[PDB]
Amino acid sequence: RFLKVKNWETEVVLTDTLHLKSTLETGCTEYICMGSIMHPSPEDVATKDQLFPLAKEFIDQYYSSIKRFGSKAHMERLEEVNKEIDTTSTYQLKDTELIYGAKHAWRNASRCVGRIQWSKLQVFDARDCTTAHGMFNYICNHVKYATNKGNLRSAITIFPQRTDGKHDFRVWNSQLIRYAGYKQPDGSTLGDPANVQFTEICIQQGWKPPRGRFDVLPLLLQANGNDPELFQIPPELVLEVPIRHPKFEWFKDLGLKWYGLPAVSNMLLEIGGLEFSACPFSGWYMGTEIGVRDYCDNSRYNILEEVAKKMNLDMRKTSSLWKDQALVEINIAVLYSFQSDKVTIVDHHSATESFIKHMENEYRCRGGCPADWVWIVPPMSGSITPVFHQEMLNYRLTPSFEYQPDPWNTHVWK
Amino acid sequence: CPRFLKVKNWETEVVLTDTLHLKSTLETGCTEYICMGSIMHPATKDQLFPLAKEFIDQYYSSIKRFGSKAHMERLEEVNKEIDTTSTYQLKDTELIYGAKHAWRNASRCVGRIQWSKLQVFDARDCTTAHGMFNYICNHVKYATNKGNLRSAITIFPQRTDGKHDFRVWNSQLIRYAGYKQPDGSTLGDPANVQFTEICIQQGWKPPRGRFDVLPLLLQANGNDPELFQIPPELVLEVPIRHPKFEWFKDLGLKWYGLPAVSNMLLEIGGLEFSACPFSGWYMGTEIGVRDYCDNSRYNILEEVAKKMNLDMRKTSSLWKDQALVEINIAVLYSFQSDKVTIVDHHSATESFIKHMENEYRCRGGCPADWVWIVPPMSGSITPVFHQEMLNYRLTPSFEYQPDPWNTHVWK
Ligand code: HEM
Ligand code: HEM
Ligand SMILES: Cc1cc(N)nc(CCc2cc(CCN3CCN(C)CC3)cc(F)c2F)c1
Ligand SMILES: Cc1cc(N)nc(CCc2cc(CCN3CCN(C)CC3)cc(F)c2F)c1
Ligand SMILES: C[C@H](O)[C@H](O)[C@H]1CNc2nc(N)[nH]c(=O)c2N1
Ligand SMILES: C[C@H](O)[C@H](O)[C@H]1CNc2nc(N)[nH]c(=O)c2N1
Ligand SMILES: [Zn+2]
């Protein structure tokens, strides 16, 4: 009812009341904590009986936000919604409700450290779309708008909500822009190893792969439960940064580059019990995502060795910290490169400090701020960023982004 | 909680099935609605006996003799002894088993592959602070072992009524001192200002430099605590130099060899050993990242990078990161040159994955706190970052307990 969190570096204490409005499973029980499990665990469409309570709850809070709680607008909306559910077994969100819900799902995303930006989100209503070609057009405009010549702008595009589960819209890509990965007969991997399965699907659908280290994957788009269709994103819309280093003249010879726009397209947006299974959203990068995870995870581009080599690092024993030494210079290269090309990026120190400031303001004005420590803390230099020493509470507020099965595991073909 | 619980390693796709969690008992603090995995810290007649019953069962189950020979008569004996003494006293074998399993069940501890190679010092005959000091001195000398450190625990008398607790008032057997300065700043270890002031209030004569070794403040049987100076020749210390930066030695940095936790409470069979200092050897990052680089500790980043002559204006130069790596290089290089036992976070984390695999195979699970197990530097390049971990409390265990000065009724 009045849960306290403490910062162990500053001794600031915060009081959380917002946790009382939480709902869905964390995955934890009184006896077991799952806060490091990645995701705790078709038919999934709700009844009329399940829907109105969820809908009423979301409408009640929308109206509470606009300072109209209990108004005649509020009461007619509740009636309009209840009646629409009763006669059509679902309901449609006003455009105002759609924008509020998108922004609040971002605000409520406990694993997201950049939520200080949550209310500055551009929302593209794509609920009038009916085909895969239409989807391709809607996504291109999103990419072009969000990219903005390097001055990135947060955005989400929202396609039609689920109905009976059998007519879903999906983006089969997990992100709008990612690089292919090709496994070789000899077990080696060309390109990004994370993407080998999906690259294989693309090729199976007719994609002619150029078979390179940095090939942009086609889009694979599903409208109204139909089979998905392929579309090349027009290359002039895919902004890319070549990775050089302020001090090492040789770093450019590593031939590394990355795309500027991170855009998640495999999650599911829940608003008032309604499920938007295709809602690609996009922000700008924290530098550690590229330089620590994409380049350095052993199951990703795995360049630590090569960088280490060119630094002439003693790689005999681990205790030389040759990996730690090499990772820092990679992450210096990535930030310096985006900055040099005026492509929006944020470093892990700036980003985490901003988050603490956000979290503190959310406690003051909203009464809480659910945060997943295991994801908020950056994957390098942890304890020298302020979030490490920050106690956080994790709970699920709705509206929310949620994981959903991979469409190729669920879709039934024709 | 369901028949299984599987956990996955994302870097390797290795999957492990947990069944041990069906034996946890106490609150994690989490509920189905909210999770507290990052919060630091979320008996009488009927109370005491069933905890003893479970442990003895656990013990006799642990030696292929469940329900067997002495087992029932040990259950009888414990039942009988509680009836007369209100509590009961652990056999030497039980004490060794419980202490080793307290380490085993320590979800926050990355070193637990070593758990069963623990040296147990039974100090349950102690009666005075002078005796506590002797028992501790012998622990420190054994555990230090001229640099080839060995893990040990010394267990003082169990609690009996709260009025007569045995307490080590230092949080570690060996810490440096912290002095407030006439101009608001701090000299020494800033985490230790309060304790340093208590010791001075108690008559400690401080030399007033950075790395002054704190005295021992021992409390036996609930009486007021007493100061003792550990004999310097027992306190192994390492001067931190760098294998590349000649100027690094000029930083004046040194640190001690023996991490030895003296403020926690060891729980076996419902009994409470409020004095039980235990010591291992260091993971390099504890010294280099946390002690040296936490802003509320020695806070040397600015110092190091300034002599590294790094661009310290904008954060995105990553000057803190660069200096941080160099510092922890110097710590490992310093301990290894002085042949003092130390482990880096790559070896340690890799060791913990083997242990996890071992525990799942032989025991059916291994409680781990991902938040504490992942090193505070270079997270995702160690193997524990990609390891799912379940966390749950098993007994016997080490627990936290209140600072004695917040609770002590002075004689
Ligand atoms: C504005 C700049 C943004 C920054 C700097 C940022 C930062 C991050 C980072 C570093 C992660 C962890 C990703 C990983 O390690 O895989 C993350 C996750 C996430 N972000 Fe943000 N983000 C931003 C924008 C957004 C927006 C616009 C939304 C939604 C409208 C959003 C929703 C999420 C969600 C749902 C996750 C969880 C991802 C998952 O569970 O797989 N973020 N964010
Ligand atoms: C032998 C080498 C050992 C290594 C390398 C090691 C490593 C570590 C590290 C790095 C931590 C985190 C400490 C912190 O960040 O404050 C920790 C915590 C802990 N270790 Fe170990 N450890 C070792 C031995 C032991 C022994 C012998 C015991 C008990 C008999 C033990 C019990 C614990 C406990 C209870 C914690 C929890 C700390 C807390 O709650 O504050 N460890 N260990
Ligand atoms: C909106 C937004 C802002 C921001 N800064 N970052 C993101 C994450 C995007 C992103 C994440 C990933 C990796 C995430 N996966 C890895 C596999 N694992 C099993 C599940 C999690 C790769 C991208 F190529 C990519 F683009 C989104
Ligand atoms: C057995 C063992 C082996 C090993 N390698 N390390 C340890 C950690 C001990 C240790 C920890 C600390 C600080 C840790 N505190 C900070 C405050 N926070 C609220 C709780 C944790 C300082 C020591 F001087 C010290 F020694 C124990
Ligand atoms: C608030 C947060 O839980 C706290 O700072 C934790 C984070 N993880 C940690 N992990 C270790 N090993 N040691 C610590 O002291 C901490 N501190
Ligand atoms: C098992 C573990 O939860 C997993 O590796 C998580 C840990 N924390 C993370 N944190 C971020 N920001 N991104 C991630 O992908 C992960 N992966
Ligand atoms: Zn939990």
**OP:** Compute the separation of the alpha-carbon centres of the range B:313-385 and the range A:293-318 and state it in Å as a whole number.
**Re:** 17 Å
**OP:** Given the peptides A:120-129, A:341-350, arrange them by the average over their residues of other C-beta atoms within 10 Å, most packed first.
**Re:** A:341-350, A:120-129
Original post:
Sorted from largest down, what three extents in whole angstroms do the Cα atoms of the range A:311-408 have along their principal axes?
Top reply: 51, 42, 34
Subject >> Average partner coverage of A:321-332, which counts Cβ from other chains inside 10 Å >> reply: 6
Subject >> Cβ-placed point charges (K, R +1; D, E -1), dipole of the range A:1-138 about Cα centre in debye, nearest 20 >> reply: 600 debye
Subject >> Candidate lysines for bridging to residue A:120, where Cα separation is under 28 Å - those fewer than 8 sequence places away on the same chain excluded >> reply: A:21, A:56, A:67, A:94, A:103, A:144, A:149, A:342, A:357, B:314
Subject >> Shielding by other protein chains, B:371-379, mean Cβ within 10 Å >> reply: 6
**OP:** Would you please report the Å³ per residue occupied by the convex hull of the alpha carbon atoms in the range B:186-273?
**Re:** 154 Å³
Original post:
If you take all C-alpha pairs in the range A:62-117, what percent of them are over 16 Å apart?
Top reply: 55 percent
Original post:
Dividing the alpha-carbon Rg of chain B by 2.2 N^0.38 Å yields what?
Top reply: 1.05
Original post:
Across peptide A:394-407, how many C-beta atoms of other chains are within 10 Å of each residue C-beta, on average?
Top reply: 1
Original post:
Non-local amide H neighbours of residue A:286 (under 5 Å, H modeled in plane, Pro and chain starts lacking H): which ones?
Top reply: A:346
Original post:
For residue B:23 and residue A:413, what does the FRET efficiency come to when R0 = 51 Å and r is the distance between their Cβ atoms, rounded to the nearest 0.05?
Top reply: 0.65
Original post:
What are the extents of the Cα atoms of the range B:111-150 along their three principal axes, listed from largest to smallest and rounded to whole Å?
Top reply: 34, 22, 11
Subject >> Within straight-line cross-link reach of residue A:323, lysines at Cα separation under 18 Å, skipping those fewer than 8 residues along the same chain >> reply: A:309, A:310, B:244, B:320
Original post:
In nm, to one decimal, how far is the residue A:310 label point from the residue A:357 one, both placed 7 Å along Cα→Cβ?
Top reply: 3.5 nm
Subject >> In nm, spacing of pseudo-spin labels at residue B:249 and residue B:403 (7 Å Cα→C-beta vector) >> reply: 3.9 nm
**OP:** For the range B:85-136, report the translational diffusion coefficient in µm²/s to the nearest whole number, using Stokes-Einstein at 20 °C, 1.002 mPa s, and a Kirkwood Rh over Cα pairs.
**Re:** 166 µm²/s
Subject >> Scattering curve values for the range A:129-255, log₁₀ I(q)/I(0), Debye with Cα scatterers, q = 0.09, 0.14, 0.18 Å⁻¹ >> reply: -0.33, -0.73, -1.07
Original post:
Taking only the alpha carbons of the range B:143-199, what extent do you get along each of the three principal axes, in Å, biggest first?
Top reply: 44, 39, 13
Original post:
Label residue B:68 and residue B:223 with points 7 Å out from Cα along Cα→Cβ: what is the distance between them in nm?
Top reply: 4.5 nm
Original post:
What residues qualify as long-range amide H neighbours of residue A:16, i.e. H under 5 Å apart, gap of 5 or more or another chain, H built at 1.01 Å from N?
Top reply: A:3, A:4, A:5
Original post:
Between residue B:80 and residue B:347, what is the FRET efficiency for a Förster distance of 45 Å, r being their Cβ-Cβ separation, to the nearest 0.05?
Top reply: 0.40
Subject >> Global size of the range B:325-370 as Cα Rg and Dmax, reported in angstrom >> reply: 14.6, 40
Subject >> Spin-label zone in the range A:35-75 - amide nitrogen under 20 Å from a point set 7 Å from the Cα of residue B:12 along the C-beta vector >> reply: A:36-39
Original post:
So what does log10 I(q)/I(0) come out to for the protein assembly as shown at q = 0.06, 0.07, 0.10, 0.11 Å⁻¹, using the Debye formula with one equal point on every Cα and no solvent?
Top reply: -0.45, -0.62, -1.17, -1.35
Original post:
How big is D, in µm² s⁻¹, for the range B:81-169 by Stokes-Einstein at 25 °C and 0.890 mPa s if Rh is the Kirkwood radius over C-alpha pairs?
Top reply: 166 µm²/s
Original post:
Arranged from highest to lowest average of other beta-carbon atoms within 10 Å per residue, in what order do the peptides A:240-247, A:100-107, A:259-266 appear?
Top reply: A:100-107, A:259-266, A:240-247
Subject >> Options A:351, A:312, A:332, ranked by Cα towards positive dipole end of the range A:307-352, top entry (Cβ charges) >> reply: A:312
Subject >> Nonlocal amide H pairs with residue B:260, under 5 Å, H built at 1.01 Å >> reply: B:173, B:174
**OP:** Could you work out how far the C-alpha centroid of the range A:171-189 sits from that of the range A:237-263, in angstrom?
**Re:** 19 Å
Subject >> For the range B:1-122, diffusion coefficient by Stokes-Einstein and Kirkwood Rh (Cα), 37 °C, 0.692 mPa s, µm²/s >> reply: 187 µm²/s
Subject >> Cα-only Debye scattering, the range A:162-229: base-10 log of I(q)/I(0) at q = 0.12, 0.22, 0.24, 0.26 Å⁻¹ >> reply: -0.35, -0.88, -0.99, -1.10
**OP:** Read phi for every residue in the range B:310-326 and hand back ³J(HN,Hα) as whole Hz from Karplus 6.51 cos²θ - 1.76 cosθ + 1.60, θ = phi - 60°, with x for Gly and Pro.
**Re:** 9, 5, 9, 7, 8, 4, 6, 5, 6, 4, 4, 4, 4, 4, 4, 4, 4
Original post:
How large is ³J(HN,Hα) for each residue in the range A:67-76, as worked out from phi by the Karplus curve 6.51 cos²θ - 1.76 cosθ + 1.60 (θ = phi - 60°), to whole Hz, x for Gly and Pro?
Top reply: 6, 10, 4, x, 6, 5, 4, 4, 6, 5
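All of the numbers you see were taken from the coordinates with simple rules; none came from a lab. Positions of Cβ are generated from backbone atoms using ideal geometry, with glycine treated the same way; all protein chains shown enter the neighbour counts.
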